[PDB]
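One letter stands for each residue in the lines below.
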Amino acid sequence: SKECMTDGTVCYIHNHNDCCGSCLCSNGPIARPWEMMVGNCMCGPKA
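**Student:** It is not clear to me how the state of the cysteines should be interpreted in this structure. Could you clarify?
**Tutor:** Two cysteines joined by a covalent bond between their sulfur atoms form a disulfide. In the structure shown here, the tally under the stated rule is four disulfides. The disulfide bridge from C11 ends at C23, spanning 2.0 Å between sulfur atoms. Of the two residues, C11 is situated in the segment before β1 (24-25) and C23 in the segment before β1; the sequence distance between them amounts to 12 residues. Each disulfide pairs two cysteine sulfurs, and for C19 the partner residue is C43, the sulfurs being separated by 2.1 Å. Residues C19 and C43 are joined through a disulfide that is right-handed, its torsion about the S-S bond being 85°. In this pair, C19 sits in the segment before β1 while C43 sits in the segment after β2 (41-42), placing the two residues 24 residues apart along the sequence. Here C19 falls in the buried class, since its relative accessible area comes to 17%. Residue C43 is classed as buried on the basis of its relative accessible area of 5%.

**Student:** In this structure, what is going on with the UniProt feature "disulfide bond" in the protein? I would like to understand it.
**Tutor:** With an S-S distance of 2.1 Å, the disulfide that UniProt assigns to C4 and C20 is formed in this structure. With a gap of 16 residues between them, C4 in the segment before β1 and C20 in the segment before β1 connect regions that are remote in the sequence. Its relative accessible area of 35% is what places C4 among the partly exposed residues. Its relative accessible area of 44% is what places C20 among the partly exposed residues. In textbook terms, a disulfide joins two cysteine sulfur atoms at less than 2.5 Å, and UniProt's bridge between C19 and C43 fits this description with an S to S distance of 2.1 Å.

**Student:** How do you make sense of the environment of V10 when you look at a structure like this?
**Tutor:** Mapped onto the elements, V10 comes out in the segment before β1. On the basis of relative accessibility, which here comes to 48%, the residue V10 falls in the partly exposed class. A sequence separation of 11 residues divides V10 from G21, and the C-alpha atoms of the two residues are 12 Å apart. When neighbours within four sequence positions are excluded, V10 is seen to be in contact with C41 and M42.

Calculation rules
Residues numbered from 1 in each chain as written, not as in the entry; some residues may be left out. Heavy atoms only, no water. Disulfide = S-S within 2.5 Å. Helix = DSSP H or I, 4+ residues; strand = E, 2+ residues; numbered from the N terminus. Buried < 20%, exposed > 50% of the residue type's maximum accessible area, 1.4 Å probe, protein only. UniProt positions renumbered as here; feature names shortened; annotations may be inferred. Contact = heavy atoms within 4.5 Å.

What follows is the structure, encoded as structure tokens:
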């Protein structure tokens, strides 16, 4: 048996978080990090 999470749920490589999918970090443009910080990684489907 195995218990993991799906894409869309925040994950941390240094948080012993095990996600069935691979974490994808977005390097999008950062114009307003005060309200929208584009520097987080979440779980996603493997290609």
